[PDB]
Amino acid sequence: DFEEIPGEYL
Amino acid sequence: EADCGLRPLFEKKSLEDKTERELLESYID
Amino acid sequence: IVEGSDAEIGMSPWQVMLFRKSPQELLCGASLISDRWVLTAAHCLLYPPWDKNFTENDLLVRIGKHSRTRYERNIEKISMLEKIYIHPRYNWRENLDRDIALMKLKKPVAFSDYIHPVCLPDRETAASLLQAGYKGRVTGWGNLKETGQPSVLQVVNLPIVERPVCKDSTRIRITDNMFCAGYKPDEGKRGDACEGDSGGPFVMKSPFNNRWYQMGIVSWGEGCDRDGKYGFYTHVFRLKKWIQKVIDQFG
Ligand SMILES: N=C(N)c1ccc(CNC(=O)[C@@H]2CCN2C(=O)[C@H](NCC(=O)O)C2CCCCC2)cc1
Ligand SMILES: *[C@@H]1O[C@H](CO)[C@@H](O)[C@H](O)[C@H]1NC(C)=O
Ligand code: NA
Ligand code: NA
């Protein structure tokens, strides 16, 4: 249920 | 820090949040 | 948080979310104490009864958040952990005595309207504010009920309870490194921290200098918001010598 975070955050 | 615990959207602007008065009222001394 | 309310925008700018990378989920609350240091409960990172033993790379620190699940573009900042420091005398076997941990961030976080550190109390702040009946504030994205999950950060104001009343509510041994808070069944009003709120701050606003101080860390309870039961918090000032030692040596 958590929205994806940018790839830069690993 | 010298600026700790002072909120940019509240204390820094002299704005109070909706329930902080409830805390102050409980500090009876 | 059970029986709390939605936080206002920028209400707890020191609120930190401890976020598990895989599976992507809420690990715990935490608090921002400087541009590189984050304070949490040791049980958030190490708890052998539940096979919890997180290392630096297992998680992320999300600061400036309001929404629980959403990626708050241009608002929140996501930080990596350089190093975790758990109290060497943290007692996970019995009562979570000294339930405290620090996390050093890889890079300093930039302060903003939504990101700002809370103060840590000195001996006089603690002596003047940690008094039965005085209210503090607890925040978190944890369970809305003991037995669901909030859309946004929740807040509850709770009174500190008399030590004999804390002691008489439980079979667990209470130490001087803990305090309890919450309303009594006679008081009418409700509220408590719950699963997922652990590690979050219990704060008080000094009426002397108008600054917010983190007096407690959400530590434990027996269920959530039960009558005649109270939430237990790590006593931050009692463990400040350890906090200062870790920061002086590694920061
Ligand atoms: N203020 C509250 N009501 C409250 C706040 C935070 C939490 C989440 N924290 C935890 O689960 C930590 C890790 C072990 N633990 C507990 O709370 C255990 N109850 C677990 C339980 O009752 O669900 C308690 C059981 C009694 C001995 C100490 C540990 C739970 C309740
Ligand atoms: C936890 O994890 C580490 C590996 O990072 C290991 O050295 C340690 O003994 C484990 N258990 C405890 C109780 O710390
Ligand atoms: Na007892
Ligand atoms: Na209760």
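Residues numbered from 1 in each chain as written, not as in the entry; some residues may be left out. Chains lettered and ligands numbered in written order. Heavy atoms only, no water.

Per the deposited record, determination of this structure is attributed to X-ray crystallography, with the resolution reported as 1.94 Å.

Under the PDB entry, chain C has the name THROMBIN HEAVY CHAIN and belongs to Homo sapiens. According to the record, the entry carries the title "Thrombin in complex with inhibitor".

Student: Provide a residue-level description of the coordination of the sodium ion (ligand 4), including the pertinent values.
Tutor: For a metal with four tetrahedral donors the ideal donor-metal-donor angle is 109.5 degrees, while six octahedral donors give ideal angles of 90 or 180 degrees. The sodium ion (ligand 4) binds to the protein through C:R226 (O) and C:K229 (O); the donor distances cover 2.2 to 2.3 Å. Residue classification places C:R226 among the partly exposed residues on the basis of a relative accessible area of 40%. (Donors = N, O, S within 2.8 Å, 3.2 Å for Na, K, Ca; no water. Buried < 20%, exposed > 50% of the residue type's maximum accessible area, 1.4 Å probe, protein only.)

Student: Explain the UniProt feature "disulfide bond" in chain C to me, and be specific about the residues and the numbers.
Tutor: Residues and elements named next belong to chain C. Look at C166 and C180: UniProt pairs them in a disulfide, and at 2.0 Å between sulfurs the bond is present in this structure. Placement of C166 in helix α2 (residues 163–168) and of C180 in strand β12 (residues 178–181) is noted, with a sequence separation of 14 residues between them. The same class applies to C166 and to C180, which are both buried. With its sulfur atoms 2.0 Å apart, the UniProt disulfide linking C194 and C224 appears as an intact bond in this structure. Of this pair, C194 sits in the loop between β12 and β13 (201–205) while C224 sits in the loop between β14 (212–220) and β15 (231–235), and the two are 30 residues apart along the sequence. We note that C194, like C224, is buried. (Disulfide = S-S within 2.5 Å. UniProt positions renumbered as here; feature names shortened; annotations may be inferred. Helix = DSSP H or I, 4+ residues; strand = E, 2+ residues; numbered from the N terminus.)

Student: Quick rundown of the interface of chain A and chain C? Include the residues and the values.
Tutor: Where interface size is given, it is often the accessible area lost as the parts come together that is meant. Contact with chain A, which involves 9 residues of that partner, is made by 15 residues of chain C. When the two sides are added together, the surface that chain A and chain C hide from each other amounts to roughly 1,200 Å², 58% of it contributed by carbon and sulfur. Among the residues of chain A in contact with chain C, A:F2, A:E3 and A:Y9 are the three that bury the most area, contributing 55% of the side total. Viewed at the interface, chain C and chain A are joined by 1 salt bridge. The salt bridge partner of A:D1 is C:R68, with a shortest N-O separation of 2.9 Å. (Contact = heavy atoms within 4.5 Å. Buried area = accessible area lost by both parts, 1.4 Å probe. Salt bridge = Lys/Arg side-chain N within 4 Å of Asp/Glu carboxyl O.)

Student: How would you explain the site of ligand 1 if you had to name every residue and give the values?
Tutor: All names here are of chain C. Close contacts around ligand 1 come from 18 residues, with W50, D192, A193, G221 and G223 the closest. Between ligand 1 and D192 there is a distance of 2.7 Å, counted from a nitrogen atom to a side-chain nitrogen or oxygen. Residue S198 places a side-chain N or O atom 3.1 Å away from a nitrogen atom belonging to ligand 1. Calculation on ligand 1 without its partners gives an accessible area of 630 Å², and the protein chains cover 83% of this total. Per-element accounting of the shell around ligand 1 gives the leading share, 3 residues, to β14. Here the residues of the shell around ligand 1 sort into 9 nonpolar, 6 polar and 3 charged. Residues lining the shell around ligand 1 come from more than one domain, with at least three contributed by each of domain 1 (1–12 + 118–237) and domain 2 (13–117 + 238–251). (Near = heavy atom within 4 Å. Polar contact = N/O pair within 3.5 Å; in protein donor to acceptor, adjacent residues only side chain to side chain. Areas by Shrake-Rupley, 256 points an atom, 1.4 Å probe, with all protein chains shown as cover. Nonpolar A, V, L, I, M, F, W, Y, C, P; charged D, E, K, R; others polar. Domains from an automatic or database assignment.)

Student: Give a description of the coordination of the sodium ion (ligand 3) that names residues and reports values.
Tutor: Around the sodium ion (ligand 3), the protein supplies C:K167 (O) and C:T170 (O) as donor atoms, at distances of 2.3 to 2.4 Å. Judged by relative accessible area, which is 57%, C:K167 ranks as exposed.

Student: I'd like a description of the UniProt feature "active site" in chain C, backed by residues and values.
Tutor: Residues and elements named next belong to chain C. UniProt feature "active site": in the numbering of this structure it lies at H43, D99 and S198. Within the secondary structure, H43 is located in the loop between β4 (37–40) and β5 (46–47). Relative to the elements of secondary structure, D99 occurs in the loop between β8 (77–86) and β9 (101–105). With residues up to four places along the chain from it excluded, the contact list for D99 reads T40, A41, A42, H43, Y90, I217, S219 and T234.

Student: Break down the sheet that holds strand β2 (residues 15–20) of chain C for me, with residues and values.
Tutor: All names here are of chain C. Pairing is antiparallel in the closed barrel, where 6 strands are placed in the order β2-β3-β4-β9-β8-β7. Neighbour-to-neighbour, the strand axes of the sheet open up by a mean angle of 40 degrees, direction not taken into account. Each of β4, β8 and β9 touches helix α3 (residues 240–250); the most contacted strand, β9, lies at about 25 degrees to it. (Pairing = 2+ DSSP bridges. Axes fitted to C-alpha atoms, helices over the stretch in contact; angles between N-to-C directions.)

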